[PDB]
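The lines below spell out each chain.
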Amino acid sequence: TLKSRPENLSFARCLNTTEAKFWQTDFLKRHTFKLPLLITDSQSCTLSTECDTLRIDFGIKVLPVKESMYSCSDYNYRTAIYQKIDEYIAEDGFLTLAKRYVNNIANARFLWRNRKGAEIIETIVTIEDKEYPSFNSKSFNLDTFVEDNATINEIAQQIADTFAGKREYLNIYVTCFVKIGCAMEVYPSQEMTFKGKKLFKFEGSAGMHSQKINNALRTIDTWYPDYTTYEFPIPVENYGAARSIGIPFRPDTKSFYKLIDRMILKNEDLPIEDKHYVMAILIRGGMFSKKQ
Amino acid sequence: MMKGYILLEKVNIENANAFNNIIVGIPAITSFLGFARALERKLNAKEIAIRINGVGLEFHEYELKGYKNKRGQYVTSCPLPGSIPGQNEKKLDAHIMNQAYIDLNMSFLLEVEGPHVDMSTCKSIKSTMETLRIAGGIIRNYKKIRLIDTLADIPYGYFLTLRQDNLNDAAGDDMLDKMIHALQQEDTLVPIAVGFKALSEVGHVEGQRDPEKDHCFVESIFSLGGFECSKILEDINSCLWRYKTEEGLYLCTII
RNA sequence: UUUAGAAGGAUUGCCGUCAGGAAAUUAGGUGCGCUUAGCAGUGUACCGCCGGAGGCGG
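Below is a short write-up of the structure.

Observations regarding the overall build of chain B
Stage number 1. The number of helices and strands found in chain B is four helices and 12 strands.
Stage number 2. For chain B, the C-alpha radius of gyration of 20 Å lies close to 18 Å, the compact-globule estimate for 255 residues.
Stage number 3. For chain B, the spread of C-alpha atoms along the three principal axes comes to 55 × 50 × 45 Å.
Stage number 4. Sequence-distant contacts, at least 24 apart, represent 76% of the contacts inside chain B between residues at least 6 apart.

This is the structure:
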């Protein structure tokens, strides 16, 4: 008996990312030594003459999906959403999407531009008081998604269960070690002071906005119409709109709006790829409403 | 083509007649159709075959020559009389008769039907609208002469339509009482002149403008009318005036 | 082929003197703003060389 989406429907994000803060260190004494890394006034940022490593620290909080609806002005549609998410938790325990997220952590895509010309990159992931074995970060590629590593599975199981109910929260902390070399530029983020390139400062030091680190970890969509022609992962957006190649990659029937209209407002079993895209859009969040 | 519609857009007229023996204001409709028939006759001597069988009158601004008193009434002006033929013609001061003059900005909608209705016809109209007058007044400037297709190309303004039902259907013993009461009830209507009636029989007198045609002594007839905006108009045929001739009656009607 | 066709309104000027707006007041009780997000066309255009303006090397 459902004819349309409600006049107010919104979700919240189930993957919360903190802002990054930049540090400098040496490499053979990296586990005993840290120094501030500051902006030099156009603005610029460069390492010192005695350090050869940039350390980037940030953390992630994972929340359940079912208890992440902020507004729904029709109880029936809420009952429909809760039953559909329970159906997906029966088939797949949110393992594919979470495996892809931990893979995007391990490939070190969160070091945009800061990654070209590095010599050794390592990334350690800590959950609770137990450190996990580090990642080589250059034995991975930005086109493929590994599914047979041990630690990636062992983290993605924890993230999964919590996207699905069995745990209420998960706090994940990640540290990185990029060896670009002495007296080389840093490339932190940039502010729309809205002249000159005003760089971002976080607690005196430099860092990236949390939105850029989030948009690096949501490039997991390899289930779009024209993927055989252009073979590259895109960010998980609504009317899929990767800004580099300035052409909408999903303008039409496979859009989130149509696809969720053809799953709640008229029962129809989508393929598993389309479910894997919709349950993601829900992990991101937005004002998915209507103009009734 | 054959049928078609041509717009004469934003025409400025200076010093047109505004006196029709009981009415001081908008000129009579016969002059506005006389402009169209004169345009047809000059276009048919240049060998551009065309026939205009309907005019629409849109009003954008007006001004009456004179001033408005403190009490809110209008006092009209006249030019100084010069020399008038007759007995007292070698005198220095002449006599003052009854007259009134108005300035108008208007747009005309013409329904033309000929062997070809193209933009060359619009150029031919543009080369002929600089020798004619409108209601005894000179034309100062115009914006454009263009062809229209629908009721969305017509510019913003207010058209004049015939409302004879609001006269024939009012309370009074005679027609003048009907007109006064119909003007007291609705205050957006104006009285207009709509043609002539006959007082004699057709024949040949002595002293005519053209001595080889048929003559009849006449009296002007009057009616009611009102204004309607462009965006609230239904059809493009409910704003077009036409000539109609019975026996003894010379009229202009929208029908 | 238009209630057609025509038209010099013009010269001059002292508005002035005086004045009490004034007394009184009760604006009040309630209340969810709130889901989402990557700032730059390469971040600049450097030394010379011919050659009386137009060119060429790194």
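There's plenty left to go through after this.
Some points on the pattern of salt bridges
Residues and elements named next belong to chain B.
Stage number 1. What the rule picks out here adds up to 12 salt bridges over all chains.
Stage number 2. Among the salt bridges present, the one from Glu-9 reaches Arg-146, with a minimum N-O distance of 3.6 Å. Taken together, the positions of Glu-9 in strand β1 (residues 3-17) and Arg-146 in strand β7 (residues 144-147) put the pair 137 residues apart, joining distant regions of the chain.
Stage number 3. You can call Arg-146 partly exposed: its relative accessible area is 31%.

Structural notes on the packing of aromatic side chains
Residues and elements named next belong to chain A.
Stage number 1. Under the criterion given, the structure shown has 17 aromatic pairs over all chains.
Stage number 2. Three or more aromatic residues joined by ring pairs form one cluster here, namely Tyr-224, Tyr-227, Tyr-230, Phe-232 and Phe-249.
Stage number 3. Lying across the ring of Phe-27, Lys-179 places its NZ or CZ 5.4 Å from the centre.

Description of the protein's contact with RNA strand C
Stage number 1. The full set close to RNA strand C counts 40 residues, and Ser-10, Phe-11, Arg-13 and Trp-112 of chain A together with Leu-80 of chain B are the nearest of them.
Stage number 2. Taken together, the sugar and phosphate atoms account for 62% of what RNA strand C places within 4 Å of the protein.
Stage number 3. Interatomic distance of 2.6 Å between a backbone N/O atom of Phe-11 of chain A and a sugar or linking oxygen of RNA strand C.
Stage number 4. Interatomic distance of 2.8 Å between a side-chain N/O atom of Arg-113 of chain A and a phosphate oxygen of RNA strand C.
Stage number 5. Of all the secondary-structure elements, those providing two or more residues to the surface near RNA strand C are β1 (9-11) and α4 (210-217) of chain A together with α1 (29-43) of chain B.

Observations regarding the pairing of strand β9 (residues 189-198) of chain B
All names here are of chain B.
Stage number 1. Strand direction decides the pairing type here: β9 and strand β10 (residues 218-229), joined by nine bridges, are antiparallel. Directly across from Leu-189, in β10, lies its bridge partner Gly-226.
Stage number 2. Relative to strand β12 (residues 249-253), β9 runs antiparallel, the two sharing three bridges. What sits directly across from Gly-195, in β12, is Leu-251.

Quick notes on a nonpolar patch on the surface
Stage number 1. Together, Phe-196, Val-202, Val-218 and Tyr-250 of chain B make up an exposed nonpolar region whose accessible area comes to about 330 Å².
Stage number 2. Along the polypeptide, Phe-196 of chain B turns up in strand β9.

Remarks on helix α1 (residues 75-91) of chain A
All names here are of chain A.
Stage number 1. Taking 1.5 Å of rise per residue, the 17 residues of α1 would be expected to cover 24 Å, and the 25 Å separating its terminal C-alpha atoms lies within 8% of that figure.
Stage number 2. Within α1 the residues assigned to the buried category are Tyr-77, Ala-80, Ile-81, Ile-85 and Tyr-88. The buried residues of α1 all sit within an arc of 125° when viewed along its axis, so they share a single face. Opposite its buried face, α1 presents the exposed residues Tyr-75 and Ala-90, each directed more than 90 degrees away.
Stage number 3. Packing partners of the buried residues in α1 comprise β1, β6 (69-72), α5 (256-264) and α6 (272-284).
Stage number 4. Two or three places before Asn-76, at the opening of α1, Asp-74 has a side-chain oxygen 3.3 Å from that residue's backbone nitrogen.

Re the packing of α1 of chain A against α6 of chain A
All names here are of chain A.
Stage number 1. One can describe the packing of α1 onto α6 by two numbers: an axis separation of 12 Å at closest approach and a directional angle of 120°. Comparing the axis directions of α1 and α6 gives the class oblique. Read as a crossing pair, α1 and α6 show a hand that is left-handed. Judged by residue contacts, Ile-85, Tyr-88 and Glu-91 of α1 engage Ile-272, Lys-275, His-276, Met-279 and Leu-282 from α6.

About the cut-offs
- Residues numbered from 1 in each chain as written, not as in the entry; some residues may be left out.
- Chains lettered and ligands numbered in written order.
- Part of a larger assembly, values for the part shown.
- Heavy atoms only, no water.
- Residues with missing side-chain atoms left out of burial classes, pairs and counts.
- Helix = DSSP H or I, 4+ residues; strand = E, 2+ residues; numbered from the N terminus.
- Rg over C-alpha atoms; globule rule 2.2 N^0.38 Å.
- Contact = heavy atoms within 4.5 Å.
- Salt bridge = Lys/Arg side-chain N within 4 Å of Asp/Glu carboxyl O.
- Buried < 20%, exposed > 50% of the residue type's maximum accessible area, 1.4 Å probe, protein only.
- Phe/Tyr/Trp six-rings, centres within 6.5 Å; stacked < 30°, edge-to-face > 60°.
- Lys NZ or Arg CZ within 6 Å of the ring centre and 35° of its normal.
- Near = heavy atom within 4 Å.
- Polar contact = N/O pair within 3.5 Å; in protein donor to acceptor, adjacent residues only side chain to side chain.
- Pairing = 2+ DSSP bridges.
- Patch = residues over 30% accessible without salt bridge, like charges linked within 9 Å, V, L, I, M, F, W, Y side chains within 5 Å.
- Areas by Shrake-Rupley, 256 points an atom, 1.4 Å probe, with all protein chains shown as cover.
- Expected span 1.5 Å × (residues − 1).
- Arc of directions from axis to C-beta.
- Axes fitted to C-alpha atoms, helices over the stretch in contact; angles between N-to-C directions.
- Parallel < 35°, antiparallel > 145°, perpendicular 65-115°, else oblique.
- Left-handed = near helix turned anticlockwise from the far one by under 90°.

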